[PDB]
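# Examining the three-dimensional arrangement
Residue-level listing of the chains:
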Amino acid sequence: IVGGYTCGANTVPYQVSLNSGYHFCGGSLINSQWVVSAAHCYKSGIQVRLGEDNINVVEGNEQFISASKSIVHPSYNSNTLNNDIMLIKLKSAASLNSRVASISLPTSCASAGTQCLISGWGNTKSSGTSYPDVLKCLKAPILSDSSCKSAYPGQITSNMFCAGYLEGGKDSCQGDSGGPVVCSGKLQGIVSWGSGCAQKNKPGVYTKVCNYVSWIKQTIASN
Ligand SMILES: Cc1cc(Br)c([O-])c(-c2cc3cc(C(N)=[NH2+])ccc3[nH]2)c1
Ligand SMILES: [Ca+2]
């Protein structure tokens, strides 16, 4: 997260860290045995870390559970990142409490102007890599479809939305991928891509979760 602030330990209880010997993507806990992340974060050997704040120190509240399966959306396209969503089932259910809790899926899509909270342990520099030890937060508004499409002509599908600042300086970045975009207490986006990080006129692009709620429910129900 570039231009964001320290969230404060466990203030984002649905945030998870996907770890393969190091933190590589974020995710959101939606029930005690399932997490939603981005299909481009897929790999084998994933351990899900819940109740995390400082990813390099065990401080208490952490729960490390291995992933039993990862279900990448069948129509995920790695070249356009259309349908960039993935579900991870946990080997055992997490213990939910106030530090580890699930987030609700939306009932309707959000409108431009809605303010949302984006969080993650991704890069904090737009020019160079600087990965933090504690969780960072950023409040960003969803942009209108014309501004999103004028920013990425021909690269936005109806399963994506832009959120951020066209003036630059505040944005999600590499390492934040798979993580949550929460608006009005509902999971509305998944950090997906952008051109560079916090660059002027190049806002972040997020997977539009309201378009996948029936898919998530049917898939969890059959697995
Ligand atoms: C090289 C590389 C590898 C992975 Br995997 C990423 O997720 C990314 C990535 C870039 C990137 C940029 C943004 C943004 N809002 N500007 C958000 C997520 C991102 N993820 C970059
Ligand atoms: Ca820790």
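All residue numbers start from 1 on each chain and follow the order of its written sequence rather than the entry's numbering, and residues without coordinates are excluded. Here the convention is simple: chains get letters from A, ligands get numbers from 1, in the order in which they are written. The side-chain figures draw on all heavy atoms in the structure; neither hydrogens nor water molecules are used.

Method information in the entry identifies X-ray crystallography as the source of the structure, with 1.51 Å recorded as the resolution.

The PDB entry lists the protein chain under the name BETA-TRYPSIN, with Bos taurus as the source organism. Here the PDB entry's recorded title is "Elaborate Manifold of Short Hydrogen Bond Arrays Mediating Binding of Active Site-Directed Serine Protease Inhibitors". UniProt positions are given in the numbering used here, feature names are shortened, and annotations may be inferred rather than shown by experiment. Recorded in UniProt under Subcellular location, the annotation for the protein chain is "Secreted, Extracellular space". Listed under Sequence similarities in UniProt, the entry text for the protein chain is "Belongs to the peptidase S1 family."

## A few points about the packing of aromatic side chains
Each pair of aromatic rings is reported with the distance of its centres and the angle of its planes. The aromatic pairing rule takes the rings of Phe, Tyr and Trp, using the six-membered ring of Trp, and pairs them if the centres are within 6.5 Å, calling planes under 30 degrees apart stacked, those over 60 edge-to-face and the rest tilted. Enumeration according to the criterion identifies three aromatic pairs in this entry. Centre to centre, the rings of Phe161 and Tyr206 are 5.6 Å apart; their planes meet at 25°, and the pair counts as stacked. Of the two residues, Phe161 sits in strand β10 (residues 160-163) while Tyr206 sits in strand β13 (residues 204-208), which places them 45 residues apart along the sequence. The pair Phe161 / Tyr206 is uniform in exposure class, with both members buried. Sitting over the face of the ring of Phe24, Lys43 holds its NZ or CZ atom 3.9 Å from the ring centroid. In this arrangement the basic side chain of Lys170 is found over the ring face of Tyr165, its NZ or CZ atom lying 5.2 Å from the centre. Counting from the N terminus, the helices are the DSSP runs of H or I reaching at least four residues and the strands are the DSSP runs of E reaching at least two. Buried means the residue's accessible area, taken with a 1.4 Å probe over protein chains only, is under 20% of the maximum for its type, while exposed means over 50%, and partly exposed covers the values in between. Our definition puts a charge over a ring when NZ of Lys or CZ of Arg is within 6 Å of the ring centre and also within 35 degrees of the ring normal.

## Looking at the UniProt feature "disulfide bond" in the protein chain
Any two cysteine sulfur atoms lying within 2.5 Å of each other are counted as a disulfide. Of the disulfides listed in UniProt, the one joining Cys7 and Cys137 is reproduced in the coordinates: its sulfurs are separated by 2.0 Å, less than 2.5 Å. You can see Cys7 sitting in the loop between β1 (5-6) and β2 (15-19) and its partner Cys137 sitting in strand β9 (residues 136-141), a full 130 residues away along the chain. Under the relative-accessibility criterion, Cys7 is labelled buried at 13%. The UniProt disulfide joining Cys173 and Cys197 is present here, with an S-S separation of 2.0 Å. With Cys173 in the loop between β10 and β11 (180-183) and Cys197 in the loop between β12 (186-193) and β13, this residue pair connects regions lying 24 residues apart in the sequence.

## Observations regarding the sheet that holds strand β5 (residues 47-50)
The sheet built from six strands closes into a barrel, its strands ordered β2-β3-β4-β7-β6-β5 with antiparallel pairing. Each strand of the sheet is rotated relative to its neighbour by a mean of 40°, with strand direction disregarded. Whether two strands pair depends on DSSP finding at least two bridges between them. Bridge count between β2 and strand β3 (residues 23-31): five bridges; the pairing is antiparallel. In the sheet register, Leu18 faces β3, and the bridge partner there is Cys25. A fitted line through C-alpha atoms represents every axis, and for helices the fit uses only the stretch in contact; the resulting angles, taken between N-to-C directions, go from 0 to 180 degrees.

## Observations concerning the site of ligand 1
In these notes, residues near a molecule or strand are those with any non-hydrogen atom within 4 Å of it. In the neighbourhood of ligand 1, 13 residues make up the surrounding shell, with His40, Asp171, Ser172, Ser177 and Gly196 lying closest. In the model, a nitrogen atom of ligand 1 is placed 2.8 Å from a nitrogen or oxygen of the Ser172 side chain. Contact distances for ligand 1 include 2.8 Å between a nitrogen atom and a backbone N or O atom of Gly196. Considering each element in turn, the shell around ligand 1 owes the most residues, three residues, to β12. Polar contacts, as used here, are pairs of N or O atoms within 3.5 Å; protein pairs need one atom able to donate a hydrogen and one able to accept it. Residues neighboring in sequence count only if both atoms are side-chain atoms.

## Quick look at the nonpolar core
Side-chain atoms within 4.5 Å link the members of a nonpolar core, which is a set of buried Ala, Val, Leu, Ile, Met, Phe, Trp, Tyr and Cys residues. In this structure, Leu18, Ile30, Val48 and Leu50 are the most contacted members of the largest nonpolar core, which totals 43 residues. When residues of this core are traced back to their parent elements, those giving at least two are β2, β3, β4 (34-37), β5, β6 (63-72), β7 (86-90), β12 and α2 (213-222). Split by domain, this core shows at least three residues from each of two domains, domain 1 (1-12 + 103-210) and domain 2 (13-102 + 211-223). Other than its neighbours up to four places away in sequence, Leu18 contacts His23, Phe24, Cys25, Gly26, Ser37, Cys41, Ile46, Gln47, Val48, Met86 and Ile88. Domain extents, as shown, originate in an automatic or database domain assignment. Note on definitions: a residue-residue contact is assigned when non-hydrogen atoms from the two residues lie within 4.5 Å.

## Details of the state of the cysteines
Tallied over the full model, the rule gives six disulfides. The disulfide partner of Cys116 is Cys183, and the S-S distance across this bridge is 2.0 Å. What sets the handedness of the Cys116 and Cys183 disulfide is the S-S torsion sign, and at about 95° it is right-handed. Of this pair, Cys116 sits in strand β8 (residues 115-120) while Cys183 sits in strand β11, and the two are 67 residues apart along the sequence. On the basis of relative accessibility, which here comes to 1%, the residue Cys116 falls in the buried class. Each bonded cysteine in the protein chain gets a number by its place in the sequence, and the pairs come out as 1-6, 2-3, 4-12, 5-10, 7-8, 9-11.

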